[PDB]
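Number of protein chains: 2
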Amino acid sequence: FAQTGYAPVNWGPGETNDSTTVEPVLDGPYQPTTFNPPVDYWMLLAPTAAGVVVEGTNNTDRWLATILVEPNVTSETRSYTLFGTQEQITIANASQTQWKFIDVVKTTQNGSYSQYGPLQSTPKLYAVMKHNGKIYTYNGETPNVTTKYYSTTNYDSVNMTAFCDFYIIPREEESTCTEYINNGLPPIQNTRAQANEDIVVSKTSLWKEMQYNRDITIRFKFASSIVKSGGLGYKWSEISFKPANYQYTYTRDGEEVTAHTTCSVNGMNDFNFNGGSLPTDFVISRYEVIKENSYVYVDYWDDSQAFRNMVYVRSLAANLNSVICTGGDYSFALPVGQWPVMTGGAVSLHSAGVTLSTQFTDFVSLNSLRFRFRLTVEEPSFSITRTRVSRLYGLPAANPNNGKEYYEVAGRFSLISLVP
Amino acid sequence: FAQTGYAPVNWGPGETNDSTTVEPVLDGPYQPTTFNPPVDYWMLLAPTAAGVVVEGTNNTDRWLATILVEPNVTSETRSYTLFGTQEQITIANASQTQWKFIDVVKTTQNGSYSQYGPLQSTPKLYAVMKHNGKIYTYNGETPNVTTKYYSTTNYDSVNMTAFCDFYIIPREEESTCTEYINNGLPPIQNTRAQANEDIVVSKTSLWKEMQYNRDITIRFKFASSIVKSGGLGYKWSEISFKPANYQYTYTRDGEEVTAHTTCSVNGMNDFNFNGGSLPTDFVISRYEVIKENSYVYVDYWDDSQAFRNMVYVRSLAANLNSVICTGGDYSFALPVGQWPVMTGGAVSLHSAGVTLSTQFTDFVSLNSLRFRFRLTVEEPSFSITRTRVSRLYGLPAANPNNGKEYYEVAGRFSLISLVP
Numbered sequence: 040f041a042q043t044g045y046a047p048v049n050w051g052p053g054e055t056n057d058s059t060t061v062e063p064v065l066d067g068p069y070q071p072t073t074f075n076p077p078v079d080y081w082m083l084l085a086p087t088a089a090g091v092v093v094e095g096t097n098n099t100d101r102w103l104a105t106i107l108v109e110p111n112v113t114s115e116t117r118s119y120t121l122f123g124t125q126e127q128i129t130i131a132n133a134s135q136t137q138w139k140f141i142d143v144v145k146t147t148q149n150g151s152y153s154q155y156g157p158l159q160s161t162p163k164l165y166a167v168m169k170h171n172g173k174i175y176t177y178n179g180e181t182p183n184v185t186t187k188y189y190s191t192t193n194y195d196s197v198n199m200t201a202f203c204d205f206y207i208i209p210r211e212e213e214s215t216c217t218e219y220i221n222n223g224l225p226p227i228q229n230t231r248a249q250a251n252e253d254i255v256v257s258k259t260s261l262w263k264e265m266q267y268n269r270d271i272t273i274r275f276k277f278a279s280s281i282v283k284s285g286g287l288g289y290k291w292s293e294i295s296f297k298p299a300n301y302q303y304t305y306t307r308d309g310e311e312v313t314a315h316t317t318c319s320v321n322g323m324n325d326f327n328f329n330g331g332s333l334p335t336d337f338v339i340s341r342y343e344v345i346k347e348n349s350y351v352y353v354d355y356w357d358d359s360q361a362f363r364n365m366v367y368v369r370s371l372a373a374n375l376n377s378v379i380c381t382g383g384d385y386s387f388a389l390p391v392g393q394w395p396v397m398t399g400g401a402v403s404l405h406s407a408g409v410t411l412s413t414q415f416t417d418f419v420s421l422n423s424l425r426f427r428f429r430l431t432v433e434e435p436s437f438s439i440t441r442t443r444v445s446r447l448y449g450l451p452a453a454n455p456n457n458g459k460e461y462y463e464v465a466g467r468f469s470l471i472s473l474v475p
Numbered sequence: 040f041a042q043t044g045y046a047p048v049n050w051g052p053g054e055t056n057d058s059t060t061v062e063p064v065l066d067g068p069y070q071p072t073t074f075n076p077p078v079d080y081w082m083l084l085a086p087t088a089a090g091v092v093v094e095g096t097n098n099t100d101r102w103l104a105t106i107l108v109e110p111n112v113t114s115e116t117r118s119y120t121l122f123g124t125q126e127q128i129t130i131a132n133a134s135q136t137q138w139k140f141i142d143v144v145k146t147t148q149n150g151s152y153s154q155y156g157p158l159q160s161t162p163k164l165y166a167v168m169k170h171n172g173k174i175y176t177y178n179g180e181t182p183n184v185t186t187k188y189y190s191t192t193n194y195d196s197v198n199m200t201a202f203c204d205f206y207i208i209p210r211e212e213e214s215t216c217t218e219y220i221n222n223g224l225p226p227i228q229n230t231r248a249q250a251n252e253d254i255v256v257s258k259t260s261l262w263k264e265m266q267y268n269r270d271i272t273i274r275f276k277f278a279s280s281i282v283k284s285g286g287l288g289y290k291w292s293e294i295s296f297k298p299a300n301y302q303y304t305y306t307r308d309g310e311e312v313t314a315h316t317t318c319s320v321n322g323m324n325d326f327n328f329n330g331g332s333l334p335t336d337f338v339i340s341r342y343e344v345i346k347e348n349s350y351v352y353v354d355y356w357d358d359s360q361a362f363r364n365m366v367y368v369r370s371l372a373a374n375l376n377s378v379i380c381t382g383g384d385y386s387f388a389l390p391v392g393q394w395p396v397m398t399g400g401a402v403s404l405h406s407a408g409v410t411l412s413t414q415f416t417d418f419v420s421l422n423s424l425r426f427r428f429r430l431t432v433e434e435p436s437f438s439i440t441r442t443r444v445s446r447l448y449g450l451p452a453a454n455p456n457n458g459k460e461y462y463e464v465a466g467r468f469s470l471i472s473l474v475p
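So the protein lines, in turn, are chains 3 and 2. Reading the first sequence from the start, the letters are residues 40 to 231, 248 to 475 in the authors' numbering. Reading the second sequence from the start, the letters are residues 40 to 231, 248 to 475 in the authors' numbering.
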């Protein structure tokens, strides 16, 4: 005969759920509303029509307002609804095509105004920030636009109320601010050999059918990915599950066996909390929780001779006990205010069979054993404090570990295989 | 020599990526902004402070407003801003514990004012709507609230601009509206045997190893799952890929064979364009596109002679010709305005090996031959009309098929397997 054997087989992870999130090209068109944006963050207004665009009033020692003026405007009086009052501002703008952003400042409730700047811009995009005791605002002309700094005590006290669709940018992206104010945000795009052959690679081999009954104590721990959306920080872009690797050792029958485990999830439900459009409001764009319509895969492999004998497998059964994976307490660190906390969430795992995947490369065959556990919802229910989203059943991705360093399920597994 | 063969083996879909997006408990807190909701849509308001809360003006012959008054307010006059004008509006109240919603009406720009209503309620919640030349409003008492209708003309011309955060609800869920007036939106929660055994099941068997070379012409088509968020209909909650099944037949070497295929994706990138928080803005909560860092799986199985002998497989090598999948034209059906259309995007597939996944249960085992294709982006790009987001590389999930009945890749596959 011929002494054919298994193919050289290496055990490890397998194909897994993987979702990559890409931040939006801009922080997003936010609404015209009153608030006090945090320091070291730029506000970028994009008004559509002339007139008042942005107002800043710390109500103690500084009142400022930017006004947009159409080209071909000489000295003329106009009533502008500035700070809630229809005040008379006289404007001048000799521009033929450019628009003109003009700053108007008064130092006291009873004080007068004054024209500053100006900013000759075609895209109609203004940009401001508060930083280290001053206010930095774009000014000048394209393509060599620059910035100017206006002194003011209690600079952080200034609120920024806008009256047109606007955006919020970090300071660290000041290059993007410069290229946005040279030319506005990306344009609206204004779109309109053959036959069959069989060859014997080895003559008649010799194989026997074995059945290995061995105790498996599979331990697995979850891992969570927490991607915070660029901006103020009150909104989290993604709170998702990520494949989690783990390695441990346990003794069975007097033999030390080293095992590796990889926990992943499938069929997870995407809950999304929408706490408001204000940049200061708490929002969760997408966070994943596992329910009855979800499975948890546990890719397991060790160094026991059974696994070396597991290449050609006929049947596999896994009598495994159930575990109650609970949800921990994760605190969302907002820039200000009380930190919301996600708490609770438990789910029972039950052995919904086992899979054996084999990916072939060259002539090696990477194998992977996958215990897939189906899920049952059970107490305690999860909920996030200071919010109306409560009494939902599942295990959110905030803290699937729940402090526990590993969830363990033990049992027996029977492997009817073919060996030499 | 005992005659041993494969266990009863069946093929089918492989374990495929899955997801489930659950709509939020409510349409979400939509900021206070001026807008004109379409017909048959309830507007719900939960003001934080007394005074003017919501105003609805058709600008021709109907003007309505709601005022929230604290308990224990005599027949007193206070200055309120209606349609931009300050006015000494008179209001009366006798409630001790509740808050009073008072409706105020007029029928001209200069016209006189009148009182209608009222609604003495604890939750500080009001609900309004327009329909078929009528203004529906929730009124009466809790937990036994009733509905009332106001006559008018040009009911479609009335706007509804709210100075406090407001929700929008579909008509069909008026039941949930009614209880939403019984009690406020869901509470904020104001929170604080052993051993080892091996046994031979069959005596020594007899096997050989065979290399089967066969033409494979795999035809797979994508499928797109489109979930539109509830409400007016100007936002889409999800544009994802779905496991796409297909069946066909083809002839090789004079033998006909039927085949089944199941396409899916992994590593997909989630782009989330945001057109603004206004209920009438075009918003894509999440749409999936495949890029350099994504793979596309194709689970294939037929009835040929080969796949009978693929249970115990020792090696698999696939040589396939690459294919280009273009991006089709998908149209968003907004109620009004101009339909944005997503189009473009070309992705080239390359066979990065094959996999054989077998899973076991109390029934016949399920096998699946998963051809995994890696991706390379190439022109033309993809973009959505009437939107800044443009000239991005990948294949959007809107219309991956591009109208073709199937994407076909044909080539050879060599299978070194074990047989009796």
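Cβ coordinates follow ideal geometry from the N, Cα and C atoms, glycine included.
| Query | Result |
| --- | --- |
| Ranges of the beta strand (DSSP E) found wholly within the stretch 359 to 406 of chain 3, counting only runs of at least 3 | 368 to 375, 378 to 381 and 396 to 398 |
| Min CB distance residue 431 (chain 2) to chain 3 below 9 Å | no |
| Terminal residues of the alpha helix (DSSP H) in which residue 214 (chain 2) lies | 213 to 221 |
| Straight-line gap, residue 193 (chain 2) to residue 97 (chain 2) (C-alpha atoms, nearest Å) | 7 Å |
| Exposed unless 16 or more other CB atoms sit within 10 angstroms - verdict on residue 311 (chain 3) | exposed |
| Contacting positions in the stretch 361 to 376 of chain 2 - beta carbon closer than 8 Å to chain 3 | 367, 368, 369, 370, 371 and 372 |
| Which listed residue (153 (chain 2), 411 (chain 2) and 428 (chain 2)) has its alpha carbon closest to that of residue 50 (chain 2) | 411 (chain 2) |
| Complete beta strand (DSSP E) runs within the stretch 152 to 208 of chain 3 (minimum length 3 residues, chain order) | 154 to 160, 165 to 170, 173 to 178 and 185 to 190 |
| 9 Å Cβ cut-off: residues of chain 2 touching residue 341 (chain 3) | 60, 325, 327, 340 and 341 |
| Closer than 9 Å to chain 3 by CB, residue 415 (chain 2) | yes |
| 9 Å Cβ cutoff, residue 168 (chain 2) in contact with chain 3 | no |
| Where residue 210 (chain 3) sits in the DSSP three-state scheme | helix |
| Proximal chain 2 residues relative to residue 262 (chain 3), where beta-carbon distance stays under 7 Å | 260 and 262 |
| Chain-ordered chain 3 contacts of residue 230 (chain 2) [CB-CB under 7 Å] | 440 and 441 |
| Neighbouring residues, chain 2, relative to residue 288 (chain 3) (Cβ below 9 Å) | Neighbours of residue 288 (chain 3) on chain 2: none; closest Cβ ~17 Å, over 9 Å. |
| Cβ-based contacts, 8 Å cut-off: residues of the stretch 398 to 410 of chain 2 near chain 3 | 408, 409 and 410 |
| Interface positions of the stretch 202 to 226 of chain 2 facing chain 3 (Cβ-Cβ less than 9 Å), listed along the chain | 204, 224, 225 and 226 |
| Residue 265 (chain 2) at chain 3 interface by Cβ criterion, 9 Å | yes |
| CB contact flag (residue 427 (chain 3), residue 305 (chain 3), <9 Å) | no |
| Host beta strand (DSSP E) of residue 82 (chain 3) (start-end) | 80 to 84 |
| 9 Å Cβ cutoff, residue 254 (chain 2) in contact with chain 3 | yes |
| Three-pair Cβ contact test at 8 Å for the stretch 211 to 225 of chain 3 versus the stretch 255 to 273 of chain 2 | no |
| Neighbour list for residue 458 (chain 2) in chain 3, Cβ cutoff strictly below 7 Å | Those do not exist, as residue 458 (chain 2) stays about 20 Å from chain 3 at its closest Cβ, beyond 7 Å. |
| Check whether residue 329 (chain 3) and residue 67 (chain 2) have beta carbons under 9 Å apart | yes |
| Inter-residue spacing [alpha-carbon to alpha-carbon] between residue 160 (chain 2) and residue 147 (chain 2) | 30 Å |
| Alpha-carbon spacing of residue 127 (chain 2) relative to residue 60 (chain 3), whole angstroms | 54 Å |
| Listed by chain order, chain 3 residues near residue 471 (chain 2) by CB distance under 7 Å | 256 |
| Secondary structure of residue 56 (chain 3), DSSP reduced to three states | coil |
| Nearest candidate by alpha-carbon position, reference residue 449 (chain 3), set 178 (chain 3), 408 (chain 3), 333 (chain 3) and 326 (chain 3) | 326 (chain 3) |
| Rounded straight-line distance, which links the Cα of residue 283 (chain 3) to that of residue 86 (chain 3) | 28 Å |
| Residue burial classification, residue 54 (chain 2) (beta-carbon count within 10 angstroms, cutoff 16) | buried |
| Cross-strand partners of residue 148 (chain 3) (DSSP beta bridge) | Answer by DSSP bridge pairing: none, since residue 148 (chain 3) is not bridged. |
| Residue-chain proximity (residue 418 (chain 3), chain 2), Cβ-Cβ < 9 Å | yes |
| For residue 413 (chain 2), the residue or residues it bridges with in DSSP | 411 (chain 3) and 422 (chain 2) |
| Below-9 Å beta-carbon distance, residue 349 (chain 2) vs any chain 3 residue | yes |
| Residue 117 (chain 2): first and last residue of the uninterrupted beta strand (DSSP E) it sits in | 115 to 121 |
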